[PDB]
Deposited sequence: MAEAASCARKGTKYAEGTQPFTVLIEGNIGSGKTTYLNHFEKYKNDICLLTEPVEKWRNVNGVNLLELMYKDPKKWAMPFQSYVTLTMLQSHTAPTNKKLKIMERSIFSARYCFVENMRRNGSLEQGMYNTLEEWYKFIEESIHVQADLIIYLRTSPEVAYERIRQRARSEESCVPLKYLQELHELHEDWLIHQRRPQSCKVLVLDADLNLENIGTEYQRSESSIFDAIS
């Protein structure tokens, strides 16, 4: 029992937070689920996001596992509203962020495989509500400027190359469920 669901997808620095704020005035009639970064930063006093960025070969696995969980919690969360808008999803976690961490060697085969088994079990047990994806398409260099533009201790070591990798993965998934592409440049 889930309302019409829109997912906001795009690279780091694609303006999703700014875009999602346009909907804040409609909170009375729309279910607005911000990406649970605050959950990730305080898993009982542990900042998994910081640990992942600081040491990905060690922390990519637990971090992405906790991402999967929190996204699943958002996807299945109860609301009486007839429209739901989600910042990101279990799908970008899987198809972009986990895939990239596998490709750059931060997730070893067995760790990726464990994450993959969870996704399979989720998809087999739960139909995940996804009616529309709004893809905030950017160029990696503009995304880079947006990250530096905002003070975020965690992401302040992310190379342009990493953003390029995440860009191509969003392109594969979303270009190469209805997808609406917006020029977020």
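How would you write out the unmodelled ranges of the deposited sequence, numbered from 1? The deposited sequence has unmodelled segments at 1 to 17, 194 to 199, 209 to 230.
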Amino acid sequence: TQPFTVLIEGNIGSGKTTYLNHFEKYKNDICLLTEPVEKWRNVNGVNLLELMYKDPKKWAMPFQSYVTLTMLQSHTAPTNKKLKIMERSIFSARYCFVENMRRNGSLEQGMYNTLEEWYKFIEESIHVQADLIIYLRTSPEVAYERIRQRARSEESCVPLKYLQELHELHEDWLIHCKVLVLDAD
From here on, numbers count along this sequence of modelled residues.
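Note that the rigid core is defined as the largest set of C-alphas that superpose within 1.5 Å between two forms.
Between 9 to 17 and 157 to 165, which has the larger RMS C-alpha deviation from this form in 7 other deposited structures of this protein after core superposition? Stretch with the higher C-alpha RMS distance in 7 other deposited structures of this protein: 157 to 165.
Is 52 to 60 or 130 to 138 the stretch whose C-alphas end up farther from this model in 7 other deposited structures of this protein after a rigid core fit? Clearly, after the core fit, the stretch farther away in 7 other deposited structures of this protein is 52 to 60.
Should the higher mean CA B-factor in the entry be assigned to 152 to 160 or to 66 to 74? Stretch with the greater average CA B-factor: 152 to 160.
Average Cα temperature factor in the PDB entry - higher stretch of 77 to 85, 111 to 119: Mean C-alpha B-factor is greater for 77 to 85.
According to the deposited entry, which of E141, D29, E50, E38 has the largest Cα B-factor? Max CA B-factor in the entry, restricted to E141, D29, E50, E38: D29.
By the CA temperature factor listed in this entry, which of these ranks top: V128, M61, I133, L136? In the PDB entry, the greatest C-alpha B-factor among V128, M61, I133, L136 is found at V128.
Ranking every modelled residue in this chain by its Cα temperature factor as given in the entry, which third contains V43? For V43, the deposited C-alpha B-factor lands in the middle third.
Sort the modelled residues of this chain by their C-alpha B factor and say whether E24 lands in the lowest, middle or highest third. According to the entry, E24 has a C-alpha B-factor in the chain's highest third.
By the record's CA B-factor, is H170 among the lowest, middle or highest third of residues in the chain? It falls in the bottom third of the chain.
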